[PDB]
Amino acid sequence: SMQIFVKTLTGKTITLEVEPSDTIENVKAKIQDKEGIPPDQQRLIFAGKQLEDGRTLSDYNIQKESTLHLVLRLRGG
């Protein structure tokens, strides 16, 4: 019902059709279908913060036309 954009690791931007109630895991699944990267290697960032599995897009206040950034799984240490 809404579209968001994802800046991918492959050097381009893709558009996804999503809903507020969609989980982050669901979005990562779609990204895997398009980019061929497994969800566990995906780190999605919106407004400077990581999006966690188990939450929805609406939990992050992600509205129509939002841009999410795809980077690689990371850990501080």
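When you see a residue number, it is the position in the sequence shown, counting from 1. Rigid core: the largest C-alpha set superposing within 1.5 Å between the two forms.
Trainee: Just give me the stretch that moves more in 4 other deposited structures of this protein: 29-37 or 44-52, judged by RMS C-alpha distance after a core fit.
Mentor: The answer is 29-37, which departs more from the shown form in 4 other deposited structures of this protein.
Trainee: Comparing 65-73 with 10-18, where is the mean C-alpha B-factor higher?
Mentor: For C-alpha atoms only, the mean B-factor is higher in 10-18.
Trainee: What third of the chain, by the recorded C-alpha B-factor, contains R43?
Mentor: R43: CA B-factor falls in the lowest third of its chain.
Trainee: Divide the modelled residues of the chain into thirds by Cα B-factor and specify which third, lowest, middle or highest, holds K28.
Mentor: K28: CA B-factor falls in the middle third of its chain.
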